[PDB]
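Quick setup: one chain, the form deposited in one PDB entry, written in structure tokens, and binding and motion questions come after.
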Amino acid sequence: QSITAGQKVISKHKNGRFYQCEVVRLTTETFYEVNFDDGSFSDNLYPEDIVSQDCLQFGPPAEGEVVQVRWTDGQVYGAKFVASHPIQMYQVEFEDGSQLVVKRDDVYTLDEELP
């Protein structure tokens, strides 16, 4: 069930197919959740995407705090901070040297059927 660093596993390469890869490292990724001013919700902002304060340096905003966020379209939007969410993830390396950081559910052990 648990995956450890140094373990050969199976996961999708960037080209979209399953290959054997090796777990390089277990990382922790912190995601921010915010409610935009129009009421739309985001669950996977990075701390650096908050542009009204320096969260990389001083941690997350207070729950409910007004913020501005730089969105994936490069534009800035008004929002309110909802929650911060650390997630255990797996940095994997493929045969060709390419790497990805993936979630537990996207990793398979060598003995298991690929769905």
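For every residue, the number given is its place in the sequence shown, counted from 1.
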query	finding
Stretch with the greater mean C-alpha B-factor as recorded in the entry, comparing 17-25 against 91-99	91-99
Deposited CA B-factor, highest of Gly74, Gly39, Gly78, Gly64	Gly74
Relative C-alpha B-factor of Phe58, binned into the chain's lowest, middle or highest third	highest
